[PDB]
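Working notes for the structure below.
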Amino acid sequence: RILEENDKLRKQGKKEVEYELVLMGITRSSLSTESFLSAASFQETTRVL
Amino acid sequence: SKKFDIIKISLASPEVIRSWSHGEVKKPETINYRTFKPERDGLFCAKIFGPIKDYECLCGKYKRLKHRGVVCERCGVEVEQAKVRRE
Amino acid sequence: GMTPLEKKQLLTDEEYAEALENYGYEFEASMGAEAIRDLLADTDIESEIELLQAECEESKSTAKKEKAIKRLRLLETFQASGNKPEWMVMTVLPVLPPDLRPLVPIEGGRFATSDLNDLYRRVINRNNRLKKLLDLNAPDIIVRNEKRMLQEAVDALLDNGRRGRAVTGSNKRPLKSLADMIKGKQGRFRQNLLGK
Amino acid sequence: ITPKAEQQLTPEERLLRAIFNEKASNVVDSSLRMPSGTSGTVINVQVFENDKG
Amino acid sequence: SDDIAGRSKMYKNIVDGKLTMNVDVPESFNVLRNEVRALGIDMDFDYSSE
Amino acid sequence: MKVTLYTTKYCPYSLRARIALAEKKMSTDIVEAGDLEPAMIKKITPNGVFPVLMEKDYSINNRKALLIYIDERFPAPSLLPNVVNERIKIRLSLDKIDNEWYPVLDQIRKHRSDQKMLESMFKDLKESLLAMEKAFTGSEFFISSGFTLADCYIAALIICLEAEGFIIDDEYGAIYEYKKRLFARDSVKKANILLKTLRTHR
Amino acid sequence: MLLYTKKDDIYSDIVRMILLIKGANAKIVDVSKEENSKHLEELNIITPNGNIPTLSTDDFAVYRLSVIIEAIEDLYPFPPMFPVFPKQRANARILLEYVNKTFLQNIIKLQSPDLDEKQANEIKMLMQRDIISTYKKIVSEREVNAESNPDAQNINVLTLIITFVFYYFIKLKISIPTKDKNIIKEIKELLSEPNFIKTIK
Amino acid sequence: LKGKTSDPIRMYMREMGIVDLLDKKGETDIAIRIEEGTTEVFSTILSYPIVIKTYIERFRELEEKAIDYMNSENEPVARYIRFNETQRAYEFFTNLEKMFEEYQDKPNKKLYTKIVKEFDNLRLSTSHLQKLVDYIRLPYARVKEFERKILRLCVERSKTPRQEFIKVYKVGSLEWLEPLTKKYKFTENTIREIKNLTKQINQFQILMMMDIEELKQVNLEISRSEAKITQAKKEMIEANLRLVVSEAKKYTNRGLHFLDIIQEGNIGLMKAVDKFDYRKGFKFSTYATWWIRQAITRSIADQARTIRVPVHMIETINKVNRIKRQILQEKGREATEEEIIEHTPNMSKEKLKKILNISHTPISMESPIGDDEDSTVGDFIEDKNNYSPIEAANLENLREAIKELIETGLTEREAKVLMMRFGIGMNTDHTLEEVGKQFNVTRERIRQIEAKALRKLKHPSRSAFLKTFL
DNA sequence: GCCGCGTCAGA
DNA sequence: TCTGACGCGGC
DNA sequence: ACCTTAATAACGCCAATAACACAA
DNA sequence: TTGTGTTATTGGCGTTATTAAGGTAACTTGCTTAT
Ligand SMILES: [Zn+2]
């Protein structure tokens, strides 16, 4: 939603994106976040680090 | 900014790992047996990691306010607050 | 080398001997961490990225190129960061300030070591004996045994129990290795950072 | 009581030793005292001496 | 709990009776950055302009 | 703990620091600044004044207080006089040696290109040394009772100038009672070059 | 224990402040004053180039304000002008030498009568340029010196030095190119130092 | 088989028992093999002139370090040079010196044979032999140092040829870099440096002999002979790896696990093989177990603990222990230290009061406590060497107190004097003769001023209030 | 391209 | 015990 | 498990020297 | 305020108790340690 809008008017729209929502569990959507600190605190620390 | 506001993680080259090292460990020793003082260049070497008391070398010679930033010469001990044995 | 062998070609001892017989020099097949490190070292990226991206441009990822997708990301990351990929094989490992693995004396005229002191005290004298051996020019069998014992102690220090039958002290407990301090409910994150 | 050493006391401690002629004792006491919030009396005092002496 | 400066600082502010607070950073986090640094991992504070 | 000093070749202050360090009864890694990678050489200090130092948390270069920092950081037997007035005079002597000594080495190095220019300079160097001979006699190393830093200062003008075809001990007038008493020191006997060879050059 | 001086000279008035700090036997004597031609000649006898200032005792005479101030400090254990930690001492030394070379030399230059237009202009430009950096580094140094020992009743000499740099900057009708309220308010508060008044009058 | 099994002990035992056990015949055969290899390298060493003069020179060094003794009724003893040859040694050396003089002057064949035969008379096992082979090697080492150095100095500047090596490589010349005026390497400082190094090169050769090929081949032949000997000893040691493991079954839990035990054994064996001569008809197995046992027990005494302990203190402890068990299983009673000493070579009655005070290996901080409210020892040790926020608040209440107390005393003077003479916000705590100069006067009554200040401060107007802090 | 058999990670 | 995400070997 | 030897760092020494004190 | 008496230290000295090193030549040859 940010990179689409990056292209959306900067170049022309440069054929931004086509996507489709996907459904993932709560733990799966938990570890899959951005901040590596929170994820590393949650569980499975070795792997994320 | 006076306050850090990002945190990053990365691999440590053998040139960073040396840059962190205030010395080098050579013999598997921790502490003298009869008297409990640290040993020369083991795992508690006060010459590397730091002094034990505050503003006082190990051999106890350089013990006075006249000399603070000073580095003793009998033992290689520096002279500074013991609070560096953790960093 | 001109010899028709392949780079990442495992060779048994006798087949290796026969390669030595028929071709002598012009190729080296060493064993041990130096081998892996040399391989990772002489592994050009731009020789490989596009070469694999073209096999992925041959996209039939039903079962085969469902595999080759990750290597793209890995090799791109290693290019993006600026990290020498051979750095994943250590040549000098650091030690921890002593006041994080203390030896304070307590009642009963006794002392309280930390489990890290022991693993350190092991890796050290194993390195020492290794240096002494390499000096004295011993036969290669015991050279191998030392060079392997060392790897074992290093892995134990990092996190024992990942591969073997993790070492124990006299009390027969599996020792509390380095990584075992920053995970688990009793570890470091959800114990003393959200605890207090 | 238990002995100690390594004072190298602060300048101000030095001065105040030097005003009241306060000597610096080398010993420190570590007695045994009932912890706070308790009371009572005594009923038996066992004492065990040294060996070979 | 574990701000070595802040402990004594606040215990002083109280007995005197003024208002101030200094909260630089806890100690357990420095311990963590050490323990992770005792591996080939380089965790560290930094700044950003992008 | 550990401490190393990066140095170049044929420099007065480089040898100055070398002698001072050798005197303090210490142990250091000596690295010749020419054997590093050029980009690495410059990344050491982007400007570049070769004799600097290397400690774990500090790096000092400016060749005016460097020797002072040495004299203070290891107060093992000093390089400055104990009695205050001597301490004051010697530093002004250091100013004499420092503020006006460029033509003594730099000009005879670079500007004197004609052998005629060199020798015409040499006559003035000789006569200036002779004019200086009407000075200190019998003093231990300088105005002093014991060994001082200026002692370790003149050794550079000794060695580097010996390296410029100016051997002058008796063809130098009456400054010989110490100029020979100088090299009776262990530390100063690091200027330049069977069992002795194998034993010593290690 | 005598100090030859010369009005309208940053060096002499700097050492005058340093002396008034101790309030020592400031047996002050000028040079350009015709009431002491004989003693001016005397100075010229006891020094090669008649540099001012110059400290004289019954034991020696000195010049080169670095040596001057350091000898004063060797001489008076009065509330001092230096740190206690060798690293900080060396850093103070180097910064002093830097600001000296970069500013006081140019000040001595534009103190000349035979100046030019372009020269005075470019010099004042560089001074207005670098004053800010000098001040910032100096206050930084002050802070870090102080953290390692509080309530030490010890004065940092480089602050006085920068005070006199600013004071002469005022006394020669030049602009200070800043816009910070903090910068200027701390400047003015600095200039209002009590024992500093003792001489500027 | 190579079947993913991780634990190394098997991956070592497998290869260990591969090659066959041998008989006395094979043992003595490989022994005479190593012996003739050593005699080859020995004989081929001393066929060069400078060797014996350097030998004599080292004897001269021992001569002066011997004369350094009467400065403090024999020739001063030091025979760390030769093993099992001092009057005979010295006299033989005198003959060596004089005959070697005549050798370096006159002859061609005869006296060289004479000196090699009188060397055949001598006896040196492995130390001094290696001393001599280094006597030869180290010169080649240093000259190769200088070669590598001159290369690194010139080759990465002098147009970076790196492949015209055959033209430049002519050594000991100092006649090639002058055309380099019309070539690259604008390297004047480097020019005088490489000339210095080549000077030293020719000087070393002058000390020794003609050009590098006078020593390169010597070192080559030495390498060859030494490789023969090395292969012989390797075959020898590889034949009895099982002896190590067999003996290392007793010491198995005394503090060290098995692998390092085995390694220490193999060290003590490899050190044993080369000092065992076939000249006596015996069994290698007999003599080698001595060295195996020495190595294993030494390593055990060394690294069996965290708090290291000297080895004599450990064997004495073992002796005490054996005595204690002997008496316990004989008279029922336990200690009766009177008996422990009543028959003992310890020959002390106080060391025992200390030899067993170090008898507790440190507990480990991570031992749970069974039920015991479910904790561990590693959370009952506490910080003891710091200042608890109360121990560091009753200080500033004093650090600032007197800083005001004095501000109601002297006008200014006694304040200055107490600060300078006690040290408060100062850097040194100056001495009487320093304040004596601070005020230009009063070298002595400065003490009077401080006495007055102190007598002025001990007044209940100012005294009893502070009296708390002590 | 898949029917069973592993390791890891939390309970 | 499990529950699965994720495998990576027989066919 | 037992020696037989160099080698090292703690411990006692009495003078020197820099510093402090105490009567007029 | 200047003379004559301590003292507190401080590098030198020797002393030796303590630690580290090395060497024996009757023949001796492959655990797996346990819900
Ligand atoms: Zn010390």
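Here chain B follows Swiss-Prot for its numbers: 12-98, in order, are the residues you see.
We read in the header that electron microscopy, 3.5 Å was used to get this structure.
Each Cβ is built from the backbone N, Cα and C atoms, and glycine gets one as well.
For reference, Swiss-Prot has these:
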- B:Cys68, B:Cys70, B:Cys83, B:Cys86: Zn(2+) 1 binding site (BINDING)
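Features per Swiss-Prot, on structure.
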{"residue": "B:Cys68", "record": "Zn(2+) 1 binding site", "Cβ neighbours (10 Å)": "24"}
{"residue": "B:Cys70", "record": "Zn(2+) 1 binding site", "Cβ neighbours (10 Å)": "14"}
{"residue": "B:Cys83", "record": "Zn(2+) 1 binding site", "Cβ neighbours (10 Å)": "23"}
{"residue": "B:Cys86", "record": "Zn(2+) 1 binding site", "Cβ neighbours (10 Å)": "20"}
From the centroid of the CB atoms of B:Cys68, B:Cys70, B:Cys83, B:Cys86, the recorded Zn(2+) 1 site, which same-chain residues not already listed sit within 8 A by their CB, in sequence order? B:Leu69, B:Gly71, B:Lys72, B:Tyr73, B:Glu84, B:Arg85, B:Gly87, B:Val88
